[PDB]
Structures are given as structure tokens and as C-alpha cells.
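Data from final-v4.txt: compact mmCIF, C-alpha atoms and all ligand atoms
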```txt
# COMPACT_ATOMS: atom_id res chain seq x y z
CA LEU A 49 -14.09 20.74 24.73
CA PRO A 50 -10.70 21.50 26.33
CA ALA A 51 -11.83 19.17 29.15
CA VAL A 52 -9.92 15.87 29.22
CA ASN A 53 -12.77 13.62 30.49
CA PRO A 54 -15.18 14.80 27.78
CA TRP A 55 -12.26 14.27 25.40
CA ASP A 56 -11.79 10.84 26.99
CA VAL A 57 -15.36 9.69 26.40
CA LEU A 58 -15.21 11.20 22.91
CA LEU A 59 -12.13 9.17 22.02
CA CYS A 60 -13.73 6.14 23.70
CA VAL A 61 -16.69 6.22 21.32
CA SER A 62 -14.38 7.02 18.41
CA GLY A 63 -12.19 4.00 19.20
CA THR A 64 -15.25 1.80 19.47
CA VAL A 65 -16.07 3.00 15.94
CA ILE A 66 -12.49 2.35 14.80
CA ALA A 67 -12.32 -1.18 16.20
CA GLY A 68 -15.67 -2.08 14.66
CA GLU A 69 -14.77 -0.92 11.16
CA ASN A 70 -11.33 -2.54 11.32
CA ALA A 71 -12.81 -5.87 12.43
CA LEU A 72 -15.28 -5.71 9.55
CA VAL A 73 -12.43 -5.17 7.09
CA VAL A 74 -10.36 -8.02 8.52
CA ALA A 75 -13.38 -10.29 8.19
CA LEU A 76 -13.82 -9.28 4.55
CA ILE A 77 -10.18 -9.98 3.70
CA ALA A 78 -10.20 -13.32 5.52
CA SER A 79 -13.52 -14.43 4.00
CA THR A 80 -13.19 -13.15 0.41
CA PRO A 81 -10.83 -15.25 -1.75
CA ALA A 82 -10.80 -12.41 -4.27
CA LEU A 83 -9.27 -10.30 -1.47
CA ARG A 84 -6.56 -12.90 -0.72
CA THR A 85 -3.93 -11.34 -2.98
CA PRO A 86 -0.71 -10.16 -1.30
CA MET A 87 -1.83 -6.54 -1.48
CA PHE A 88 -5.17 -7.17 0.21
CA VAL A 89 -3.68 -9.60 2.74
CA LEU A 90 -1.31 -6.82 3.80
CA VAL A 91 -4.22 -4.37 3.81
CA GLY A 92 -6.04 -6.74 6.15
CA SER A 93 -2.95 -6.76 8.36
CA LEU A 94 -3.16 -2.97 8.59
CA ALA A 95 -6.86 -3.32 9.34
CA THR A 96 -5.90 -5.59 12.24
CA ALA A 97 -3.39 -3.00 13.47
CA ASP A 98 -6.04 -0.26 13.49
CA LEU A 99 -8.41 -2.73 15.13
CA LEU A 100 -5.84 -3.12 17.89
CA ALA A 101 -5.65 0.67 18.17
CA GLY A 102 -9.40 0.95 18.68
CA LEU A 103 -9.56 -1.97 21.10
CA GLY A 104 -6.59 -0.75 23.12
CA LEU A 105 -7.96 2.74 23.58
CA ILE A 106 -11.41 1.37 24.43
CA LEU A 107 -9.79 -0.82 27.08
CA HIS A 108 -7.70 2.10 28.28
CA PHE A 109 -10.87 4.10 28.87
CA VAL A 110 -12.73 1.13 30.35
CA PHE A 111 -10.00 0.60 32.91
CA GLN A 112 -9.02 4.30 33.12
CA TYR A 113 -12.30 4.70 35.03
CA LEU A 114 -13.02 1.61 37.16
CA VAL A 115 -9.74 -0.17 36.30
CA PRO A 116 -8.68 -3.09 38.51
CA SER A 117 -4.94 -2.32 38.36
CA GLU A 118 -2.33 -0.06 36.77
CA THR A 119 -0.52 -3.15 35.45
CA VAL A 120 -3.47 -3.52 33.09
CA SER A 121 -3.17 0.09 31.89
CA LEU A 122 0.52 -0.51 31.17
CA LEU A 123 -0.52 -3.52 29.09
CA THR A 124 -3.09 -1.40 27.24
CA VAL A 125 -0.45 1.21 26.41
CA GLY A 126 1.49 -1.77 25.10
CA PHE A 127 -1.64 -2.32 23.01
CA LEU A 128 -1.58 1.21 21.56
CA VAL A 129 2.17 0.96 20.97
CA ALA A 130 1.64 -2.31 19.12
CA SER A 131 -1.15 -0.82 17.01
CA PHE A 132 1.03 2.12 15.94
CA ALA A 133 4.05 -0.07 15.19
CA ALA A 134 2.02 -2.64 13.25
CA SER A 135 0.32 0.11 11.26
CA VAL A 136 3.60 1.73 10.24
CA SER A 137 5.29 -1.60 9.51
CA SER A 138 2.44 -2.96 7.39
CA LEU A 139 2.25 0.37 5.56
CA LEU A 140 5.87 -0.04 4.51
CA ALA A 141 4.92 -3.62 3.64
CA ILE A 142 2.19 -2.53 1.23
CA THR A 143 4.59 -0.03 -0.30
CA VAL A 144 7.07 -2.80 -1.04
CA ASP A 145 4.33 -5.15 -2.25
CA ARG A 146 3.29 -2.51 -4.78
CA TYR A 147 6.90 -1.85 -5.79
CA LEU A 148 7.60 -5.55 -6.30
CA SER A 149 4.35 -6.23 -8.14
CA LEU A 150 5.07 -3.41 -10.60
CA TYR A 151 8.87 -3.68 -10.94
CA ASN A 152 8.81 -6.98 -12.83
CA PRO A 153 5.47 -8.78 -12.39
CA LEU A 154 6.89 -11.89 -14.04
CA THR A 155 9.42 -12.09 -11.20
CA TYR A 156 6.36 -11.52 -8.98
CA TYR A 157 6.00 -15.29 -8.96
CA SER A 158 3.74 -17.10 -6.52
CA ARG A 159 6.50 -18.80 -4.53
CA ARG A 160 8.63 -15.81 -3.54
CA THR A 161 5.64 -13.46 -3.28
CA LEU A 162 3.53 -15.67 -1.00
CA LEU A 163 6.67 -16.47 0.96
CA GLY A 164 7.46 -12.78 1.29
CA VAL A 165 3.91 -11.81 2.22
CA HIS A 166 3.54 -14.38 5.00
CA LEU A 167 7.07 -13.56 6.18
CA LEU A 168 6.18 -9.86 6.25
CA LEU A 169 3.09 -10.48 8.34
CA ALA A 170 5.09 -12.64 10.75
CA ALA A 171 7.98 -10.17 11.10
CA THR A 172 5.53 -7.28 11.51
CA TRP A 173 3.23 -8.75 14.15
CA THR A 174 6.08 -10.37 16.09
CA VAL A 175 8.03 -7.10 16.30
CA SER A 176 4.97 -4.96 17.05
CA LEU A 177 3.81 -7.25 19.85
CA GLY A 178 7.32 -7.43 21.31
CA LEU A 179 7.45 -3.64 21.42
CA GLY A 180 3.98 -3.46 22.96
CA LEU A 181 5.17 -5.86 25.66
CA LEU A 182 8.48 -4.10 26.39
CA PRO A 183 6.82 -1.62 28.81
CA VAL A 184 5.60 -4.72 30.63
CA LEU A 185 9.16 -6.05 30.89
CA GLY A 186 10.27 -2.90 32.72
CA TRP A 187 10.67 -0.37 29.90
CA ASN A 188 8.08 2.04 31.34
CA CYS A 189 8.46 5.42 33.06
CA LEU A 190 7.47 4.56 36.65
CA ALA A 191 10.96 4.82 38.21
CA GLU A 192 12.41 7.60 40.38
CA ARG A 193 15.12 7.96 37.70
CA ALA A 194 12.97 7.89 34.53
CA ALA A 195 10.92 10.76 33.13
CA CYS A 196 7.39 10.06 31.92
CA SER A 197 6.30 10.99 28.41
CA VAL A 198 2.99 12.58 27.48
CA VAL A 199 1.42 9.10 27.20
CA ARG A 200 1.93 7.50 30.59
CA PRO A 201 3.30 5.06 31.57
CA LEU A 202 5.64 5.41 28.56
CA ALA A 203 9.04 7.00 29.20
CA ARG A 204 10.32 9.92 27.15
CA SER A 205 13.41 7.95 26.07
CA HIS A 206 11.45 5.05 24.61
CA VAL A 207 8.77 7.18 22.95
CA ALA A 208 11.63 9.27 21.55
CA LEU A 209 13.27 6.20 20.04
CA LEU A 210 9.87 5.24 18.61
CA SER A 211 9.46 8.73 17.13
CA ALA A 212 12.89 8.79 15.50
CA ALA A 213 12.33 5.29 14.14
CA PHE A 214 8.97 6.37 12.73
CA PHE A 215 10.50 9.43 11.07
CA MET A 216 13.21 7.38 9.38
CA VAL A 217 10.71 4.69 8.40
CA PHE A 218 8.47 7.31 6.83
CA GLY A 219 11.39 8.79 4.90
CA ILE A 220 12.25 5.36 3.53
CA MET A 221 8.62 4.76 2.57
CA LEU A 222 8.66 8.05 0.66
CA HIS A 223 11.79 7.03 -1.23
CA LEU A 224 10.20 3.69 -2.10
CA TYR A 225 7.09 5.47 -3.37
CA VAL A 226 9.30 7.57 -5.63
CA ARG A 227 11.01 4.42 -6.91
CA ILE A 228 7.52 3.04 -7.64
CA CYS A 229 6.74 6.16 -9.65
CA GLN A 230 10.00 5.78 -11.58
CA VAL A 231 9.05 2.21 -12.44
CA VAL A 232 5.68 3.27 -13.83
CA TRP A 233 7.29 6.14 -15.76
CA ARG A 234 9.58 3.63 -17.45
CA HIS A 235 6.78 1.14 -18.13
CA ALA A 236 4.92 3.90 -19.98
CA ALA A 237 8.00 5.30 -21.74
CA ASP A 238 9.20 1.97 -23.13
CA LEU A 239 5.66 1.31 -24.35
CA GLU A 240 5.63 4.67 -26.15
CA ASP A 241 8.99 3.83 -27.74
CA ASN A 242 7.63 0.47 -28.87
CA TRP A 243 4.55 2.13 -30.36
CA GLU A 244 6.79 4.52 -32.29
CA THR A 245 8.91 1.63 -33.57
CA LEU A 246 5.89 -0.55 -34.42
CA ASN A 247 4.12 2.20 -36.37
CA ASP A 248 7.39 3.01 -38.13
CA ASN A 249 7.74 -0.68 -39.04
CA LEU A 250 4.18 -0.92 -40.35
CA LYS A 251 4.78 2.25 -42.37
CA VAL A 252 8.09 1.04 -43.83
CA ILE A 253 6.61 -2.38 -44.67
CA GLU A 254 4.23 -0.82 -47.20
CA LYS A 255 7.05 1.06 -48.98
CA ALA A 256 9.37 -1.75 -50.01
CA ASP A 257 9.58 -3.92 -53.14
CA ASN A 258 11.98 -6.45 -51.55
CA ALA A 259 10.96 -9.53 -49.57
CA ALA A 260 13.79 -8.87 -47.09
CA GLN A 261 12.51 -5.47 -45.96
CA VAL A 262 9.27 -7.17 -44.88
CA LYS A 263 11.18 -9.79 -42.90
CA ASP A 264 13.27 -7.12 -41.16
CA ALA A 265 10.29 -4.95 -40.26
CA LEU A 266 8.31 -7.96 -39.04
CA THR A 267 11.18 -9.19 -36.85
CA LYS A 268 11.57 -5.73 -35.32
CA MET A 269 7.79 -5.63 -34.78
CA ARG A 270 7.96 -9.03 -33.08
CA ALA A 271 10.76 -7.84 -30.79
CA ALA A 272 8.78 -4.73 -29.84
CA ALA A 273 5.68 -6.82 -29.09
CA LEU A 274 7.66 -9.23 -26.91
CA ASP A 275 9.24 -6.34 -24.97
CA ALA A 276 5.79 -4.88 -24.30
CA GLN A 277 4.64 -8.30 -23.09
CA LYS A 278 7.67 -8.57 -20.80
CA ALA A 279 6.74 -5.27 -19.12
CA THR A 280 3.59 -6.43 -17.28
CA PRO A 281 1.72 -9.75 -17.31
CA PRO A 282 -0.57 -7.79 -14.96
CA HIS A 299 -6.58 -9.95 -22.25
CA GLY A 300 -3.89 -11.60 -24.36
CA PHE A 301 -1.78 -10.04 -27.11
CA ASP A 302 0.03 -13.33 -27.62
CA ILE A 303 -2.58 -13.46 -30.38
CA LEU A 304 -0.83 -10.46 -31.93
CA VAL A 305 2.45 -12.32 -31.52
CA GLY A 306 0.86 -15.23 -33.36
CA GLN A 307 -0.48 -13.03 -36.15
CA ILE A 308 3.00 -11.54 -36.56
CA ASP A 309 4.29 -15.12 -36.66
CA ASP A 310 1.83 -15.87 -39.47
CA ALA A 311 3.02 -12.77 -41.31
CA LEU A 312 6.65 -13.83 -40.85
CA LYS A 313 5.85 -17.31 -42.18
CA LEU A 314 4.26 -15.85 -45.31
CA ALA A 315 7.06 -13.31 -45.79
CA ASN A 316 9.84 -15.89 -45.63
CA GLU A 317 8.46 -18.15 -48.39
CA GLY A 318 8.28 -15.44 -51.04
CA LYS A 319 4.77 -14.12 -50.33
CA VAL A 320 5.40 -10.37 -50.30
CA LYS A 321 1.98 -9.14 -51.42
CA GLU A 322 0.03 -11.29 -48.97
CA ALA A 323 2.58 -10.76 -46.19
CA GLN A 324 1.88 -7.03 -46.46
CA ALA A 325 -1.84 -7.78 -46.42
CA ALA A 326 -1.37 -9.75 -43.19
CA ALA A 327 0.65 -6.89 -41.70
CA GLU A 328 -2.38 -4.73 -42.50
CA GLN A 329 -4.80 -7.19 -40.86
CA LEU A 330 -2.57 -6.78 -37.80
CA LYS A 331 -4.12 -3.30 -37.54
CA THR A 332 -7.38 -4.57 -36.01
CA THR A 333 -5.66 -6.65 -33.32
CA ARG A 334 -3.16 -3.83 -32.70
CA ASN A 335 -6.05 -1.41 -32.11
CA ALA A 336 -7.61 -3.87 -29.67
CA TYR A 337 -4.34 -4.42 -27.78
CA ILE A 338 -3.43 -0.72 -27.58
CA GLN A 339 -6.91 0.02 -26.26
CA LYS A 340 -6.30 -2.74 -23.71
CA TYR A 341 -3.01 -1.61 -22.17
CA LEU A 342 -4.23 1.93 -21.44
CA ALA A 343 -6.86 0.65 -19.01
CA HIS A 344 -4.18 -1.38 -17.25
CA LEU A 345 -1.95 1.66 -16.81
CA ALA A 346 -4.93 3.70 -15.58
CA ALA A 347 -5.63 1.06 -12.93
CA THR A 348 -1.98 1.09 -11.90
CA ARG A 349 -2.10 4.87 -11.56
CA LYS A 350 -5.23 4.54 -9.42
CA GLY A 351 -3.64 2.01 -7.08
CA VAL A 352 -0.44 4.00 -6.67
CA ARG A 353 -2.49 7.15 -6.09
CA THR A 354 -4.39 5.43 -3.28
CA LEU A 355 -1.05 4.39 -1.80
CA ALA A 356 0.15 8.00 -1.90
CA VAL A 357 -3.02 9.32 -0.28
CA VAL A 358 -2.76 6.78 2.53
CA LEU A 359 0.87 7.68 3.17
CA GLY A 360 0.03 11.37 3.29
CA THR A 361 -2.85 10.88 5.71
CA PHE A 362 -0.79 8.67 8.01
CA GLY A 363 2.07 11.17 8.08
CA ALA A 364 -0.20 14.15 8.67
CA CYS A 365 -2.05 12.39 11.48
CA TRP A 366 0.93 10.93 13.33
CA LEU A 367 3.79 13.38 12.78
CA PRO A 368 2.12 16.00 15.03
CA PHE A 369 2.21 13.55 17.92
CA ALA A 370 5.48 12.05 16.69
CA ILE A 371 7.03 15.48 17.26
CA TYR A 372 5.11 16.53 20.36
CA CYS A 373 5.87 13.39 22.38
CA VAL A 374 9.55 14.38 22.17
CA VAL A 375 9.29 18.19 22.20
CA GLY A 376 6.59 17.95 24.86
CA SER A 377 7.38 19.94 27.98
CA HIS A 378 5.79 17.98 30.88
CA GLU A 379 4.24 21.29 32.01
CA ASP A 380 2.22 22.15 28.88
CA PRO A 381 -1.59 22.10 28.72
CA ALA A 382 -3.32 18.77 28.23
CA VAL A 383 -4.99 20.00 25.04
CA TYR A 384 -1.80 19.66 22.98
CA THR A 385 -1.75 15.94 23.75
CA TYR A 386 -5.26 15.57 22.35
CA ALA A 387 -4.68 17.82 19.34
CA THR A 388 -1.86 15.42 18.40
CA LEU A 389 -3.60 12.14 19.29
CA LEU A 390 -6.92 13.16 17.73
CA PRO A 391 -5.36 13.21 14.24
CA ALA A 392 -3.32 10.12 15.06
CA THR A 393 -6.29 8.27 16.56
CA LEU A 394 -8.79 9.25 13.87
CA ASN A 395 -6.22 8.14 11.30
CA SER A 396 -7.29 4.61 12.18
CA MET A 397 -10.88 5.76 11.59
CA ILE A 398 -10.13 7.35 8.22
CA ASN A 399 -8.01 4.50 6.84
CA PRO A 400 -10.93 2.07 6.31
CA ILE A 401 -12.84 4.80 4.47
CA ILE A 402 -10.13 5.49 1.88
CA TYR A 403 -9.88 2.07 0.24
CA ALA A 404 -13.67 1.76 0.14
CA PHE A 405 -14.11 5.05 -1.70
CA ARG A 406 -11.24 4.20 -4.05
CA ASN A 407 -10.43 0.47 -4.30
CA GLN A 408 -13.34 -0.86 -6.35
CA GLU A 409 -12.58 -4.56 -5.79
CA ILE A 410 -13.16 -4.37 -2.03
CA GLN A 411 -15.94 -1.78 -2.42
CA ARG A 412 -17.80 -4.58 -4.21
CA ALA A 413 -17.84 -6.73 -1.08
CA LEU A 414 -18.80 -3.69 0.99
CA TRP A 415 -22.06 -3.41 -0.96
CA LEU A 416 -22.44 -7.21 -1.31
CA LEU A 417 -23.94 -7.82 2.15
CA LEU A 418 -26.92 -5.60 1.30
CA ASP A 419 -27.73 -8.10 -1.44
CA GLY A 420 -27.21 -10.58 1.38
CA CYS A 421 -29.61 -8.58 3.57
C1 LIG B 1 -3.69 8.48 28.91
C2 LIG B 1 -4.24 8.28 27.51
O1 LIG B 1 -4.96 9.16 27.04
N1 LIG B 1 -3.90 7.10 26.84
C3 LIG B 1 -3.04 6.01 27.32
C4 LIG B 1 -1.75 5.98 26.51
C5 LIG B 1 -2.00 6.18 25.05
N2 LIG B 1 -0.97 5.95 24.22
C6 LIG B 1 -1.14 6.12 22.89
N3 LIG B 1 -0.03 5.87 22.05
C7 LIG B 1 1.00 5.02 22.65
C8 LIG B 1 2.14 4.74 21.68
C9 LIG B 1 2.64 6.00 20.98
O2 LIG B 1 3.52 5.55 19.92
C10 LIG B 1 4.33 6.54 19.37
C11 LIG B 1 3.82 7.36 18.37
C12 LIG B 1 4.63 8.33 17.80
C13 LIG B 1 5.94 8.46 18.22
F1 LIG B 1 6.69 9.40 17.66
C14 LIG B 1 6.48 7.65 19.21
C15 LIG B 1 5.66 6.68 19.77
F2 LIG B 1 6.14 5.89 20.73
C16 LIG B 1 1.47 6.74 20.35
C17 LIG B 1 0.46 7.11 21.42
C18 LIG B 1 -2.39 6.55 22.40
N4 LIG B 1 -2.58 6.72 21.01
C19 LIG B 1 -3.69 6.05 20.35
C20 LIG B 1 -3.22 5.20 19.19
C21 LIG B 1 -4.51 5.11 18.40
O3 LIG B 1 -5.14 6.39 18.52
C22 LIG B 1 -4.58 7.06 19.66
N5 LIG B 1 -3.43 6.78 23.23
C23 LIG B 1 -3.23 6.60 24.55
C24 LIG B 1 -4.39 6.87 25.47
```
Rewrite the structure from the file as C-alpha cells, please.
Amino acid sequence: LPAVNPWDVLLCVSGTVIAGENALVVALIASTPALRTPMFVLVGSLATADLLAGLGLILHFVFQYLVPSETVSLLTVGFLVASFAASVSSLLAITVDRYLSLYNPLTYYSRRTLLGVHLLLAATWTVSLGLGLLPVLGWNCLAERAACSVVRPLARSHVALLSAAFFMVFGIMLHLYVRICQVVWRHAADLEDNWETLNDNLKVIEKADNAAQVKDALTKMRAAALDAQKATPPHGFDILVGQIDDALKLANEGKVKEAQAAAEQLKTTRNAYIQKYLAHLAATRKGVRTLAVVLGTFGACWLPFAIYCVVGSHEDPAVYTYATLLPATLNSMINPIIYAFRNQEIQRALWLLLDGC
């Protein structure tokens, strides 16, 4: 157990597992058009990052025993560096994709969103690969004037910069998650206000002998409906808007009795629409909850190492290194599992192949 070679073969098999599952997920995102939305494209990018993690550690074992050259091991640590950086970057990317999709989904138009998503993938993979290559350029720890970090051949200075960057990145991701929550809080609160106003309007319509009270209540009802529509395009209540338009038409041309009757008929469509929006908000809560779980798991798995690699002592037992990498490494293993157990849309494809086979 405390032995490093048994640990090494253990992590070798685990990284084989990790690379396989990540490759499967990337294939599903690339092959399924239903999974081609910004969110799932970014999720596939993270799958690729964890794939790189598994592949890099497999290669690091493969060479570690029976390697041709150290140069290659330096490149493979570049691999692991790139996997970590891509994972963290794409995680922030999914956070912002969620925040943008929910903040004002109408502004979540295809042009800027597809532009942003492809830009995010480019700026993530470019940066991550550049970092992974930096130790190749001469940013490693193999000099008589440079101290080696726990993960050779990475220097303590550069791993320290990586750790501090990761900490600040994680803090920013947390703030963005809280902004996301705020957005959803408001989307629900404004809807509750509109329900109060709409029920008050329907109530006050019945108790009025003047044709102008009906017009006022119907206009306020229309405004409330249009606000609720503005909240989230992401199954149509434009029908309710149209029924309110019919009621307004009748009300204007001196049709009080039948205008009130139409405002009553609005009750059926209002029941349907109010039943509708609740499912939407439940789905939003589910997606945001999955985001939160993923963030928590990533932090818990990596922060141990993120701290140790800097506070490491260069004379401590080897076990500490494992105890910090084992969470961090198996984070790549656990990430594929989460979405499957939770995200139903991609879980569908997971079970689809069995129908195929
Ligand atoms: C000798 C040996 O056992 N090797 C060779 C070197 C090695 N390097 C790893 N990475 C390198 C980059 C580093 O990134 C940072 C992470 C946190 C920081 F705060 C600052 C960093 F810079 C994380 C650790 C690593 N981790 C993998 C990643 C996926 O599962 C475990 N496994 C190994 C295996």
C-alpha cells in the first residue's frame, strides 16, 4: 500500500480507466447532434482534458519503467500539466456558459454564443498546451540552481505559480456560481410577483361595472405575461398572450360581460402555463446543482495537491504525494460518472448503444 511501485501500477490501471471513459464521452458529444449545444460541447472539452490526464499518466508509467529517454517523461509531465489546466479552464467555461444561458437567454443568441463557445475551446486548449510545453522549453527543475517539486521534473516555482493561479481561478468560479444562483433567485421572484399581480387583476376584473376597469386589468395582465416571457425562452404561452389580446379586443368595443367571460376562459390556459414553467425551473435547479457538485468534487480532489506541491518539504514521505494525487487523479475518473447519473439527456445516449447491441 505505502509502496510507490504498487501505487504506480494502481494509478496506471486507474488512468487507463480514466482515458477510456473520457474518450467514450468525447465520442458521444462529437457524434450526438443533441449533445452539440454549447454546454455539452464544453463538457466534451472537459472530457478531452480528463482523457489527456489518463493518457499522460499511462504514458508516464509506460516510460517510467522501460522509458527510452527522460525528455519523453518531461513531455508527459507536460501532458499532465495540460490536462489539469484544460480541466480547470473548461470548468470555468461551463460555469460561464451556464451563467450566460440563464442571465438573459434571449441575449443567448446563436451568433455570440457559438462564437464564444468555439473561442473558449480555442483559448483553453491553446493555453493549456502551451503550459504543458513550457517545461519542454526549459521551464523544468533539472538545473543546479532550480529546486524540484514533488512532481518531477516540475520546479517548485512553476508548480507554485500553477497552484496560486488555480486557487484564484477556483475563487472566481465560486463567485460566478453565486451570481448564477442570484440570477435564478430573481427569475423565480419576478415570476412570483407576476403571479400575484395576474391573480389580483383577474380578481379585480370580476368586481367592476365599468368597461375601463377591464381594459386596465387586461393591459396589466398583458404586461405581466410579457415580462414572464422575457425571463426565459428556455411549450408556448404566446397563446395566452393571444387570448389576452382577444379579451382586450372584446373589452375595447363595449363588450364587458363577454370580456369578463374571456378573462375567465383564460383560467384554463393560465393553469397549463403555470404548470409548465415549474418544470423548467426544476430543470434549471437540477443543472445548476450538477454544476455545484462538480465544482465541489474538483476542489476537494485537487486542493490537497494544490497545497502540498507548495508546502511540500522535499524530505517528506512519498505517501503524501499519492494521498494528494489519488484524489486529484481519480477526480478525472469520477467526473464522467456524475453527469451520467444526473444529466438525463446524455444518460440517454449512454444506454442507447445497448439498443444498438
Ligand atoms: C512521478 C509521477 O508519479 N508522475 C509524473 C508527474 C506527474 N505530474 C502530475 N501533475 C503535473 C501537473 C500538476 O499541476 C498542478 C496541480 C496543482 C497545483 F497547485 C499546481 C500544479 F502545477 C499536477 C500534478 C500528475 N498528476 C496527474 C494528473 C491526473 O491525475 C494525476 N501525475 C504525475 C505522475
Within 8 Å of ligand LIG 1 (chain B), counting all atoms listed in the file: which residues, as a PDB file with C-alpha atoms, in the coordinates of the input?
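The resulting file, out_33.pdb, is reproduced below:
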```pdb
ATOM      1  CA  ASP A  56     -11.790  10.840  26.990  1.00  0.00           C
ATOM      2  CA  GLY A  63     -12.190   4.000  19.200  1.00  0.00           C
ATOM      3  CA  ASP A  98      -6.040  -0.260  13.490  1.00  0.00           C
ATOM      4  CA  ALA A 101      -5.650   0.670  18.170  1.00  0.00           C
ATOM      5  CA  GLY A 102      -9.400   0.950  18.680  1.00  0.00           C
ATOM      6  CA  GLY A 104      -6.590  -0.750  23.120  1.00  0.00           C
ATOM      7  CA  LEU A 105      -7.960   2.740  23.580  1.00  0.00           C
ATOM      8  CA  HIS A 108      -7.700   2.100  28.280  1.00  0.00           C
ATOM      9  CA  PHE A 109     -10.870   4.100  28.870  1.00  0.00           C
ATOM     10  CA  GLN A 112      -9.020   4.300  33.120  1.00  0.00           C
ATOM     11  CA  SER A 121      -3.170   0.090  31.890  1.00  0.00           C
ATOM     12  CA  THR A 124      -3.090  -1.400  27.240  1.00  0.00           C
ATOM     13  CA  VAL A 125      -0.450   1.210  26.410  1.00  0.00           C
ATOM     14  CA  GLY A 126       1.490  -1.770  25.100  1.00  0.00           C
ATOM     15  CA  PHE A 127      -1.640  -2.320  23.010  1.00  0.00           C
ATOM     16  CA  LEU A 128      -1.580   1.210  21.560  1.00  0.00           C
ATOM     17  CA  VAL A 129       2.170   0.960  20.970  1.00  0.00           C
ATOM     18  CA  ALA A 130       1.640  -2.310  19.120  1.00  0.00           C
ATOM     19  CA  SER A 131      -1.150  -0.820  17.010  1.00  0.00           C
ATOM     20  CA  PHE A 132       1.030   2.120  15.940  1.00  0.00           C
ATOM     21  CA  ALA A 133       4.050  -0.070  15.190  1.00  0.00           C
ATOM     22  CA  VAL A 198       2.990  12.580  27.480  1.00  0.00           C
ATOM     23  CA  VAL A 199       1.420   9.100  27.200  1.00  0.00           C
ATOM     24  CA  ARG A 200       1.930   7.500  30.590  1.00  0.00           C
ATOM     25  CA  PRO A 201       3.300   5.060  31.570  1.00  0.00           C
ATOM     26  CA  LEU A 202       5.640   5.410  28.560  1.00  0.00           C
ATOM     27  CA  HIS A 206      11.450   5.050  24.610  1.00  0.00           C
ATOM     28  CA  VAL A 207       8.770   7.180  22.950  1.00  0.00           C
ATOM     29  CA  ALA A 208      11.630   9.270  21.550  1.00  0.00           C
ATOM     30  CA  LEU A 209      13.270   6.200  20.040  1.00  0.00           C
ATOM     31  CA  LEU A 210       9.870   5.240  18.610  1.00  0.00           C
ATOM     32  CA  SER A 211       9.460   8.730  17.130  1.00  0.00           C
ATOM     33  CA  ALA A 212      12.890   8.790  15.500  1.00  0.00           C
ATOM     34  CA  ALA A 213      12.330   5.290  14.140  1.00  0.00           C
ATOM     35  CA  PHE A 214       8.970   6.370  12.730  1.00  0.00           C
ATOM     36  CA  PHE A 215      10.500   9.430  11.070  1.00  0.00           C
ATOM     37  CA  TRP A 366       0.930  10.930  13.330  1.00  0.00           C
ATOM     38  CA  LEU A 367       3.790  13.380  12.780  1.00  0.00           C
ATOM     39  CA  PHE A 369       2.210  13.550  17.920  1.00  0.00           C
ATOM     40  CA  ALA A 370       5.480  12.050  16.690  1.00  0.00           C
ATOM     41  CA  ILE A 371       7.030  15.480  17.260  1.00  0.00           C
ATOM     42  CA  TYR A 372       5.110  16.530  20.360  1.00  0.00           C
ATOM     43  CA  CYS A 373       5.870  13.390  22.380  1.00  0.00           C
ATOM     44  CA  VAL A 374       9.550  14.380  22.170  1.00  0.00           C
ATOM     45  CA  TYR A 386      -5.260  15.570  22.350  1.00  0.00           C
ATOM     46  CA  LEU A 389      -3.600  12.140  19.290  1.00  0.00           C
ATOM     47  CA  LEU A 390      -6.920  13.160  17.730  1.00  0.00           C
ATOM     48  CA  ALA A 392      -3.320  10.120  15.060  1.00  0.00           C
ATOM     49  CA  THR A 393      -6.290   8.270  16.560  1.00  0.00           C
ATOM     50  CA  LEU A 394      -8.790   9.250  13.870  1.00  0.00           C
ATOM     51  CA  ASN A 395      -6.220   8.140  11.300  1.00  0.00           C
ATOM     52  CA  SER A 396      -7.290   4.610  12.180  1.00  0.00           C
TER      53      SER A 396
END
```
Atom pair atom CA of residue 306 of chain A / atom CA of residue 276 of chain A: separation (Å):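 So the two atoms, atom CA of residue 306 of chain A and atom CA of residue 276 of chain A, lie 14.6 Å apart.
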Residue 230 of chain A environment, 12 Å, only C-alpha atoms, sequence neighbours closer than 5 positions dropped, as a list in words: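 Contacts, with the query itself left out: residues 147, 150, 151, 223, 224, 225, 235, 236, 237 and 352 of chain A.
The space separating atom CA of residue 197 of chain A from atom CA of residue 379 of chain A comes to 11.1 Å.
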Closest of A:116, A:81, A:68, A:391 to residue 103 of chain A - atom-to-atom distances counting all atoms listed in the file: A:68
A:87, A:305, A:250, A:71 ranked by distance to residue 327 of chain A, top pick (using only C-alpha atoms): A:250
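Every polymer residue reaching to within 12 Å of (11.1, -8.6, -24.4), counting all atoms listed in the file, appears in this list: residues 152, 154, 238, 239, 242, 268, 269, 270, 271, 272, 273, 274, 275, 276, 277, 278, 279, 280, 281 and 305 of chain A.
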Residue contacts of residue 82 of chain A (9 Å, all atoms listed in the file) excluding same-chain residues fewer than 3 positions away, as a PyMOL selection string: chain A and resi 77+79+85+88+409-410
Separation of atom CA of residue 93 of chain A from atom CA of residue 349 of chain A, in Å and rounded to one decimal: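 Atom CA of residue 349 of chain A lies 23.1 Å from atom CA of residue 93 of chain A.
Nearest to residue 262 of chain A of all the residues A:299, A:227, A:319, A:350 is A:319, based on all atoms listed in the file.
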Distance criterion (all atoms listed in the file): nearest to residue 203 of chain A out of A:376, A:183, A:219, A:86: A:183
Residues near segment 251-257 of chain A, cut-off 10 Å, all atoms listed in the file, skip fewer than 5 positions along chain, as a ChimeraX atom specification: /A:245-246,262-266,320-321,323-325,327-328
Preceding selection exported with C-alpha atoms as a PDB file, in the frame of the given file:
```pdb
ATOM      1  CA  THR A 245       8.910   1.630 -33.570  1.00  0.00           C
ATOM      2  CA  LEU A 246       5.890  -0.550 -34.420  1.00  0.00           C
ATOM      3  CA  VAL A 262       9.270  -7.170 -44.880  1.00  0.00           C
ATOM      4  CA  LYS A 263      11.180  -9.790 -42.900  1.00  0.00           C
ATOM      5  CA  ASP A 264      13.270  -7.120 -41.160  1.00  0.00           C
ATOM      6  CA  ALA A 265      10.290  -4.950 -40.260  1.00  0.00           C
ATOM      7  CA  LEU A 266       8.310  -7.960 -39.040  1.00  0.00           C
ATOM      8  CA  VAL A 320       5.400 -10.370 -50.300  1.00  0.00           C
ATOM      9  CA  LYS A 321       1.980  -9.140 -51.420  1.00  0.00           C
ATOM     10  CA  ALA A 323       2.580 -10.760 -46.190  1.00  0.00           C
ATOM     11  CA  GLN A 324       1.880  -7.030 -46.460  1.00  0.00           C
ATOM     12  CA  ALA A 325      -1.840  -7.780 -46.420  1.00  0.00           C
ATOM     13  CA  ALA A 327       0.650  -6.890 -41.700  1.00  0.00           C
ATOM     14  CA  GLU A 328      -2.380  -4.730 -42.500  1.00  0.00           C
TER      15      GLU A 328
END
```
Excluding residue 330 of chain A and residues on its chain fewer than 4 positions from it, collect all residues at most 9 Å away from it, counting only C-alpha atoms, and give them as a CSV table (one decimal) with C-alpha atoms, in the coordinates of the input.
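That gives us around_26.csv:
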```csv
chain,number,residue,atom,x,y,z
A,304,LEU,CA,-0.8,-10.5,-31.9
A,307,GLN,CA,-0.5,-13.0,-36.2
A,308,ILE,CA,3.0,-11.5,-36.6
A,311,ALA,CA,3.0,-12.8,-41.3
A,325,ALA,CA,-1.8,-7.8,-46.4
A,326,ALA,CA,-1.4,-9.8,-43.2
A,334,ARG,CA,-3.2,-3.8,-32.7
A,335,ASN,CA,-6.0,-1.4,-32.1
```
